[PDB]
Amino acid sequence: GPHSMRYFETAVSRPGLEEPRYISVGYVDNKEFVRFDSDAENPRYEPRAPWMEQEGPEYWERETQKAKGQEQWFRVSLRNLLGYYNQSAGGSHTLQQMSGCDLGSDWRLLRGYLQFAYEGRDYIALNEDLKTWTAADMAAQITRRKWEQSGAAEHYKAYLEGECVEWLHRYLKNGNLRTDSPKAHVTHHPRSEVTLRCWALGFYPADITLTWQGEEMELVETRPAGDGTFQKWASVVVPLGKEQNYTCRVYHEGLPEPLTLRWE
Amino acid sequence: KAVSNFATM
Amino acid sequence: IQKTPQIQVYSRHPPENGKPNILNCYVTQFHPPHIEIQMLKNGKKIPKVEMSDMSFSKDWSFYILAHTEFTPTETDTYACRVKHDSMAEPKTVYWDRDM
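Let's talk about the state of the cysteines
Residue and element names in this part refer to chain A.
- As enumerated under the stated definition, the model contains 3 disulfides over all chains in all.
- There is a disulfide in this structure between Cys101 and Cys164, and the S-S distance comes to 2.1 Å. Note on the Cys101 and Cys164 pair: the S-S dihedral is about -95°, so by sign convention the disulfide is left-handed. With a gap of 63 residues between them, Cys101 in strand β5 (residues 93–103) and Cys164 in helix α3 (residues 152–175) connect regions that are remote in the sequence.

Now the structure itself:
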């Protein structure tokens, strides 16, 4: 199966605060594994899953200094951006980064990622070639030119193809993957006509499809139960007496094949 | 393995 | 610029009156990340509400899960109330045990 690593980083400035708040979250296979928060009493990268406790003290020391370096980088970048957009003092501002790698089932690099947002909107991104930059904003051209002239892309490329892949291999070995199939049931709610609501519960990961049918409806967005698993439902308003004409189908990666269900 | 950025914006 | 929070209120386990459960308030798709979330019983703030750490999605919007222990009853009404700069007034979503 395929694999991935991501670091999602955020710095926020506020009218009062002397220094921005910086938060970094690391993910392996879309599951949080490390976290740094500058608001902590003694800010350090901390493990977020049990399998990371295997890493010794020098690992945490190095990563913590990386994060403190990022915190400085974000502080300076936030200041530079304020200038680029002619934003005055007295506002709140946000700078975000996503970076990392996707591996195929063979554990080889499929794609590197490096994108940034200012005020929640795309600012600059490293293209899939890992050599050139896309920047929409006129203000972002200043940064694009600066990074073209400094050769920033070659260095990010080296990280993405080297370190990102190599350390993801090490984390997949130490973390040795699993999924939880959805348990489904249909509820019955008489109204004017009855609402049949098909429930999917206890599943992981969150990606799932629910359909009602012969031929292909209200729903909710997939939501966390709070215990590591997810929930979803879909409903249809259906004639009283004729509820057996309708069948709910649940598609999830953990299923040997799609579940088919009806009101019983 | 956290990324360490290069040139500032 | 502002993105308005989407809110769902729902229990962790299938609700049964009299039986302790966990009530969730799942707030997504918002920007800026500063937000006030309160969970209410009969219109009054519940004091001991647990808050997930804030995270953001691949579209750069922020999300967070608030939760609290509660015991559903036939007559008590639960809700989540959110204040965010994208909305002039707070937004309240009521728990419906069937949703």
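Thoughts on the domain arrangement of chain A
- The domains assigned to chain A are domain 1 (1–178) and domain 2 (179–261).
- The gap between the C-alpha centroids of domain 1 of chain A and domain 2 of chain A is 37 Å.

Section: the packing of aromatic side chains
- Applying the stated criterion to the full structure yields 31 aromatic pairs over all chains.
- When the ring centre of A:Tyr113 is taken as origin, the NZ or CZ atom of A:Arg6, which lies over that ring, is 3.9 Å away.
- Over the ring of C:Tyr10 we find A:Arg223, and its NZ or CZ is 4.2 Å from the ring centre.

Quick word on the UniProt feature "domain: Ig-like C1-type" in chain C
- As recorded in UniProt, the feature "domain: Ig-like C1-type" lies at residues 5–94 of chain C.
- This span, residues 5–94 of chain C, is 0% helix and 52% strand, and a straight line between its end C-alpha atoms measures 15 Å.

Section: helix α1 (residues 57–84) of chain A
- The terminal C-alpha atoms of α1(A) lie 41 Å apart, and with 28 residues this matches the ideal 40 Å at 1.5 Å per residue to within 8%.
- Directly beyond the C-terminal end of α1(A), a positive phi value near 55° is found at A:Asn86.

Here we look at the UniProt feature "disulfide bond" in chain A
Residues and elements named next belong to chain A.
- Between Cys101 and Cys164 the annotated UniProt disulfide holds up in this structure, with the two sulfurs at 2.1 Å.
- Residue class for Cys101 comes out buried when judged on its relative accessible area of 0%.
- The UniProt disulfide joining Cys198 and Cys248 is present here, with an S-S separation of 2.0 Å. Grouping residues by exposure puts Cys198 and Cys248 together as buried.

Topic: the interface of chain B and chain A
- Contacts between chain B and chain A engage 9 residues on the former and 34 residues on the latter.
- Across the interface of chain B and chain A, roughly 1800 Å² is buried in total on both sides, 60% from carbon and sulfur atoms.
- In terms of surface lost to chain A, no three residues of chain B exceed B:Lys1, B:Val3 and B:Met9, which account for 54% of the buried area on that side.
- The residue A:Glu163 makes a salt bridge to B:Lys1 at a minimum N-O spacing of 3.0 Å.
- For the side of chain B that touches chain A, the class distribution of residues is 5 nonpolar, 3 polar and 1 charged.

A word on the pairing of strand β6 (residues 109–118) of chain A
Residues and elements named next belong to chain A.
- Sheet topology note: the β5/β6 ladder contains 9 bridges and is antiparallel. The partner of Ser99 across the bridge, within β6, is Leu114.
- Linkage of β5 to β6, two consecutive antiparallel strands, is achieved through a turn of 5 residues, within which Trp107 is found at a positive phi near 70°.
- When β6 meets strand β7 (residues 121–126), the two strands line up antiparallel, connected through 4 bridges. Residue pairing across strands places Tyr118 opposite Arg121, the latter belonging to β7.
- What sits between β6 and β7 in their antiparallel hairpin is a turn of 2 residues, with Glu119 showing a positive phi close to 60°.

Considering the interface of chain C and chain A
- Contacts between the two partners involve 24 residues from chain C and, on the opposite side, 36 residues from chain A.
- Between chain C and chain A, a total of about 2400 Å² is buried, with carbon and sulfur atoms accounting for 52% of that surface.
- Taken as a group, C:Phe56, C:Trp60 and C:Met99 account for 30% of the area that chain C buries against chain A, more than any other trio of residues on that side.
- Our count for the chain C to chain A interface comes out at 2 salt bridges.
- Taken together, chain C and chain A are joined by 18 residue pairs in polar contact.
- Contributions of two or more residues to the side of chain C that touches chain A are made by β1 (6–11), β2 (21–30), β6 (55–56) and β7 (62–70) of chain C.
- The residue inventory of the side of chain C that touches chain A, partitioned by class, reads 12 nonpolar, 7 polar and 5 charged.

Conventions adopted
Residues numbered from 1 in each chain as written, not as in the entry; some residues may be left out. Chains lettered and ligands numbered in written order. Heavy atoms only, no water. Disulfide = S-S within 2.5 Å. Helix = DSSP H or I, 4+ residues; strand = E, 2+ residues; numbered from the N terminus. Domains from an automatic or database assignment. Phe/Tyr/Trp six-rings, centres within 6.5 Å; stacked < 30°, edge-to-face > 60°. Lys NZ or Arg CZ within 6 Å of the ring centre and 35° of its normal. UniProt positions renumbered as here; feature names shortened; annotations may be inferred. Expected span 1.5 Å × (residues − 1). Buried < 20%, exposed > 50% of the residue type's maximum accessible area, 1.4 Å probe, protein only. Contact = heavy atoms within 4.5 Å. Buried area = accessible area lost by both parts, 1.4 Å probe. Salt bridge = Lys/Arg side-chain N within 4 Å of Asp/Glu carboxyl O. Nonpolar A, V, L, I, M, F, W, Y, C, P; charged D, E, K, R; others polar. Pairing = 2+ DSSP bridges. Polar contact = N/O pair within 3.5 Å; in protein donor to acceptor, adjacent residues only side chain to side chain.

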